[PDB]
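A short write-up of the structure that comes next.
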Amino acid sequence: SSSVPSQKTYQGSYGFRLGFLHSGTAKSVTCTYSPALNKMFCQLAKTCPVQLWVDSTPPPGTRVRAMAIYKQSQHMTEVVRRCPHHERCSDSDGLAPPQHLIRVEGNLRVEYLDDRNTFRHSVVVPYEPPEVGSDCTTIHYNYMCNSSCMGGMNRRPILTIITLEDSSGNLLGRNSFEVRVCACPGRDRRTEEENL
Amino acid sequence: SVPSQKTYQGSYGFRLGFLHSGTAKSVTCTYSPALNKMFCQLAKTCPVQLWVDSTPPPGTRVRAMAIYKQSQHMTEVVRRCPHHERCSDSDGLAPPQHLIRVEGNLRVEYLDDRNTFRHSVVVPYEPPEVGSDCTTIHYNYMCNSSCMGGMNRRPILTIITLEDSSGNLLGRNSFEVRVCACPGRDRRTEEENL
Amino acid sequence: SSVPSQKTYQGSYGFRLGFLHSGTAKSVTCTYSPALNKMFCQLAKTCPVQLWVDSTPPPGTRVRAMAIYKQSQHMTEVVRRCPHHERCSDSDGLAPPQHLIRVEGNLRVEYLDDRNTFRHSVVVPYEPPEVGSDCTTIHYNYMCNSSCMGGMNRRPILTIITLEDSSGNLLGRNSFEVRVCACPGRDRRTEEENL
DNA sequence: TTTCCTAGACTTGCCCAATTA
DNA sequence: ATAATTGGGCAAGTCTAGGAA
Ligand SMILES: [Zn+2]
Ligand SMILES: [Zn+2]
Ligand SMILES: [Zn+2]
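Protein chains in written order, with the entry's author numbering: chain A, 94 to 289; chain B, 96 to 289; chain C, 95 to 289.
What follows is the structure in structure tokens.
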């Protein structure tokens with residue numbers, strides 16, 4: 094079938110695992126993750142921290158890349174991108190390309206790719222060790238379009254694929270989580286878990 | 096211009112074969128002998144077998160192209176719907192406007208005819224391997240038949256064309272195709288129909 | 095031409111017109127009525143016309159189409175698109191915006207405008223029927239609804255299809271009525287019923 | 001001549017639940 | 001448990017006949 098980006102979990106030689114903040118579902122939450130759903134709920138354009146767990150430090154030049162792909166097989170060949178309303182928004186942080194759904198916050202070494210071959214979008218940052226006195230590395234992502242954006246994701250489930258790659262682009266590890274960009278993350282999360 | 100769906104089992108005796116898929120609900124690809132219709136899912140493998148009576152010369156290429164089955168619509172270049180085209184992906188070769196792609200063939204070529212704008216994918220004709228009887232081409236349909244803005248629910252014909260390095264028609268075949276979710280349930284049904 | 099003749103003349107080549115076969119469905123964009131010898135269709139869509147012949151007209155031959163009002167009282171007036179529709183429909187670099195009738199799918203179209211009669215025509219080159227075909231097909235588009243106030247204004251038109259030579263001398267001639275509308279099928283179904 | 005309707009019955013993707021191995 | 005595959009069924013969305021202003 095038409096090839097699509099790989100999404101299988103691979104801890105790699107460095108024991109790469111992804112972590113998240115345990116925020117709860119109170120009404121004030123801006124980003125909340127559900128361990129039972131392996132799903133992150135976040136508000137549009139707000140901070141979404143993502144934790145990198147490693148058992149041994151990766152080599153130097155190590156990069157961390159994120160990519161969104163549709164969860165359903167029937168839509169996997171579709172490149173996740175912002176709806177037209179959104180790409181057209183003046184919400185540029187000056188670094189990200191207007192069509193990318195995923196941005197990286199507060200990292201001037203941030204890099205964006207428009208795959209020449211797959212048309213696929215992604216964001217990379219250099220991998221940093223955990224801030225001394227720290228257990229893991231944190232990355233602040235932002236999702237720039239809502240799940241309900243007709244014309245975009247349109248209510249379809251998206252996965253965020255986090256890849257650990259050497260300076261040459263080789264795969265060192267991969268992990269993933271589903272995401273839902275919506276106005277009320279606490280409410281939505283509670284509910285979807287309410288269903289189980 | 097415009098292209099024919101006129102069989103030309105030619106001087107080589109060109110014929111197409113299809114696998115025996117089964118009718119589960121949502122089978123990936125399935126062909127209906129009675130209907131002469133392929134029923135597949137978007138982006139899924141659509142195997143099409145090439146059978147000749149005699150090996151064609153070298154330079155021979157295979158071309159695929161779609162057309163609306165219906166009279167009026169035959170003039171409308173068949174292409175991907177706006178949405179899918181906009182959010183298209185690719186494989187380093189396939190252009191975003193093409194509906195039909197060829198899977199696993201690093202020698203594939205994609206054409207948008209300058210004078211018809213008509214789109215097509217052509218691969219070289221490869222004689223079957225020693226001990227084989229036919230040659231398979233795997234195709235993928237990039238939009239469902241019901242893609243509003245595209246297929247808009249209208250029937251298409253895939254027309255395979257054997258041709259020489261020159262572009263001369265050496266042979267011709269066709270099949271209708273229905274890209275849908277659930278090719279299984281839909282072939283049964285459209286059979287039940289008779 | 096003040097008002098070109100619309101008389102049928104198969105002439106030396108056995109020139110005939112052919113038409114597709116669809117019923118009165120709403121979903122039927124274009125539809126020909128043999129009884130009414132009228133063709134209904136809807137704005138901007140495909141109008142397939144079958145060019146039958148008994149004798150193969152020589153290379154260079156041409157097929158010109160022209161609309162004329164049907165009523166005598168309207169005959170001398172040129173059929174043109176309304177001013178509205180005229181300020182947009184110009185897509186397909188060959189078709190001038192005023193022309194009501196266009197042909198699609200032919201690199202060689204040639205639009206006319208009698209400099210002395212102001213009538214608008216779409217010319218094409220005669221072409222033999224497809225290898226295993228018994229007729230050549232032309233794809234016509236009617237650029238305005240017969241409704242266009244300011245355009246056809248509810249007035250019936252006739253399309254005269256002529257076979258002519260490189261010089262433009264007439265060879266054969268047919269014609270038929272056209273009704274550009276809103277969901278054509280019914281109109282025929284009905285047009286055929288008062289009958 | 002268009003424009004509304006009123007539904008009903010399909011068309012058709014995709015949910016969910018059972019079920020495989 | 002655990003993923004993949006499947007079949008049941010559904011409901012958003014389509015076009016219908018059809019009468020009406
Ligand atoms: Zn959006
Ligand atoms: Zn599509
Ligand atoms: Zn008009």
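Built from N, CA and C at the ideal position, the CB exists for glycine as well.
| Item | Value |
| --- | --- |
| At 8 Å on the CB atoms, spell out the chain A contacts of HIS179 of chain B, in chain order. | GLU171 |
| Would you call the stretch 243-256 of chain C in contact with the stretch 159-169 of chain C, where contact means no fewer than 3 C-beta pairs closer than 8 Å? | yes |
| Would you mind sorting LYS101 of chain A into buried or exposed? The rule is 16 or more other CB atoms within 10 Å of its CB. | exposed |
| Considering only their Cβ atoms, is the gap separating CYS238 of chain A from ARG196 of chain A smaller than 8 Å? | no |
| Which chain A residues sit within Cβ distance under 7 Å of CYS182 of chain B? | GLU171, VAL172 and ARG174 |
| Spell out whether any CB of chain B is found under 8 Å from the CB atom of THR140 of chain C. | yes |
| Could you tell me whether any non-hydrogen atom of ligand 3 is closer than 7 Å to the CB of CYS141 of chain B? | no |
| In chain C, which residues lie less than 7 Å from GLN192 of chain B when you measure between Cβ atoms? | Under the 7 Å cutoff, chain C gives no residues; its nearest Cβ is about 18 Å from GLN192 of chain B. |
| How long is the line joining the alpha carbons of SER149 of chain B and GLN104 of chain B, rounded to whole angstroms? | 11 Å |
| Considering Cα atoms alone, identify which of A:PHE134, A:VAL172, A:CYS229 and A:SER96 is closest to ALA138 of chain B. | A:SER96 |
| What residues of chain B sit near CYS275 of chain C, judged by a beta carbon separation below 9 Å? | Those within 9 Å of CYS275 of chain C in chain B number zero; the least Cβ separation is about 15 Å. |
| Name the residue from A:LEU194, A:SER240, A:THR170 and A:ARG267 whose alpha carbon lies nearest to the alpha carbon of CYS277 of chain A. | A:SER240 |
| By a C-beta neighbour count over all protein chains shown, 10 Å radius and 16 as the cutoff for buried, is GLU171 of chain A buried or exposed? | buried |
| Quick check: does the Cβ of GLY245 of chain B come within less than 7 Å of any heavy atom belonging to ligand 2? | yes |
| For the alpha helix (DSSP H) containing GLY187 of chain A, list its first residue and its last residue. | No alpha helix (DSSP H) holds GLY187 of chain A; DSSP gives it neither H nor E. |
| Beta-carbon separation of residue 315 of chain C and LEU265 of chain C under 8 Å? | Because residue 315 of chain C is not part of the residues shown, which for chain C are 95 to 289, the question remains open. |
| Going by the CB atoms, is the gap between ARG209 of chain A and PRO98 of chain A shorter than 8 Å? | no |
| How about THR123 of chain C: is its C-beta nearer than 8 Å to some C-beta of chain B? | yes |
| Are the C-beta of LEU114 of chain C and some C-beta of chain B separated by less than 8 Å? | yes |
| Taking the alpha-carbon of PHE134 of chain C as reference, which of C:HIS179, C:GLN144 and C:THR123 has the nearest alpha-carbon? | C:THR123 |
| Secondary structure at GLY112 of chain C, three-state DSSP: helix, strand or coil? | strand |
| Can you list, in chain order, the stretches of the beta strand (DSSP E) that have 3 or more residues and sit fully within the stretch 211-272 of chain C? | 214-219, 230-236 and 251-258 |
| Please confirm whether any heavy atom of ligand 4 lies closer than 7 Å to the CB of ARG181 of chain C. | Ligand 4 is not part of this structure, which contains only ligand 1, ligand 2 and ligand 3. |
| Going by Cα to Cα distance, which pick from A:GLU287, A:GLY279 and A:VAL216 is closest to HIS115 of chain A? | A:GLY279 |
| Could you give the distance in angstroms between the alpha-carbon of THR230 of chain B and the alpha-carbon of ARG202 of chain B? | 15 Å |
| Are any of the Cβ atoms in chain B nearer than 8 Å to that of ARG248 of chain A? | no |
| Who does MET133 of chain B pair with in a DSSP beta bridge? | B:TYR126 and B:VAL272 |
| So for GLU285 of chain C, helix, strand or coil by DSSP? | helix |
| Could you tell me which chain B residues have their CB closer than 8 Å to the CB of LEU201 of chain C, listed as they occur along the chain? | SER96 and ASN210 |
| Could you pull the start and end residues of the beta strand (DSSP E) that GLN167 of chain C belongs to? | Per DSSP, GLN167 of chain C belongs to no beta strand (DSSP E); it is in the alpha helix (DSSP H), 166-169. |
| Can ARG175 of chain B be considered in contact with ligand 2, in the sense that its beta carbon sits closer than 7 Å to one or more heavy atoms? | yes |
| Check whether chain B comes within 8 Å of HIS233 of chain C, counting only Cβ atoms and requiring the distance to be less than that. | yes |
| Mind listing the chain C neighbours of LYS164 of chain B? Cutoff is C-beta to C-beta under 8 Å, in chain order. | Neighbours of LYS164 of chain B on chain C: none; closest Cβ ~14 Å, over 8 Å. |
| Starting from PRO142 of chain C and walking both ways along the beta strand (DSSP E), at which residues does that stretch end? | 141-146 |
| Short of 6 Å in beta carbon distance, which residues of its chain neighbour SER215 of chain A, apart from the five on each side in sequence? Order them along the chain. | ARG158, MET160 and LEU206 |
| Tell me the rounded alpha-carbon separation between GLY262 of chain A and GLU224 of chain A. | 24 Å |
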